[PDB]
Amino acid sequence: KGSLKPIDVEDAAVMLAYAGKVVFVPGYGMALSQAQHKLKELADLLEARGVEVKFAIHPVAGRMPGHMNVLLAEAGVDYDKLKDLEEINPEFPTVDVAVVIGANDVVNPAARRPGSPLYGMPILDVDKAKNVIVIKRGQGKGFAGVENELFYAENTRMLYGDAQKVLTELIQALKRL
């Protein structure tokens, strides 16, 4: 259909540097990477530049109920920044950049379709964002073992690496701008 389009940390930093609205969507990958503190630091940084920053927490992101909540709470993220998908879905079209962090199954457009194994899962409309940046190490599939057409969309770009190492580099790249 489309294509995998890798992006450098520097390219992503420029995208975030000029974004007005940014949404972080963390998954299991953030947790494996224990990247919650760096992700919080990035969110702080963007905010101090007048960027409107939000987190969308999917109901089954990670590997236990409330997995993203316990980590984000640990990192010091404000409850008012954490949006659940009924409140944040209609907002995605006006989102300049959705930064997906170690998430896959919970941002897969296939769950809308009845044939797909992900049907039944509530849908997070990150594919309606103006630009998507997906952080994952490479070609690792999610829990459900299905490939993600999101990664192949025109407006999706892949930021390959370990979640925390990447975010660390993004912060440093952004501090230089």
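Numbering starts at 1 and runs along the sequence shown.
Enquirer: Report the stretch with the higher mean CA temperature factor, choosing between 22-30 and 41-49 on the basis of the entry.
Expert: Per the PDB entry, the higher value belongs to 41-49.
Enquirer: Read off the CA B-factors in the entry, average them over 107-115 and over 64-72, and name the higher stretch.
Expert: Stretch with the higher mean C-alpha B-factor: 107-115.
Enquirer: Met158's Cα B-factor: lowest, middle or highest third of the chain?
Expert: Middle third of the chain for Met158's C-alpha B-factor.
Enquirer: Once the chain's modelled residues are ordered by C-alpha B factor and cut into thirds, is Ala35 in the lowest, middle or highest one?
Expert: Its C-alpha B-factor belongs to the lowest third of this chain's values.
Enquirer: Name the third of the chain's ranked CA B-factors that contains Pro59, choosing lowest, middle or highest.
Expert: Lowest third, going by the recorded CA B-factors of the chain.
Enquirer: According to the PDB entry, is the CA B factor of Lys128 in the bottom, middle or top third of its chain, that is, lowest, middle or highest?
Expert: Highest third - that is where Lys128 ends up once the chain's C-alpha B-factors are sorted.
Enquirer: Tell me, lowest, middle or highest third: where does the Cα B factor of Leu82 rank within its chain?
Expert: Tercile = middle for this residue's CA B-factor.
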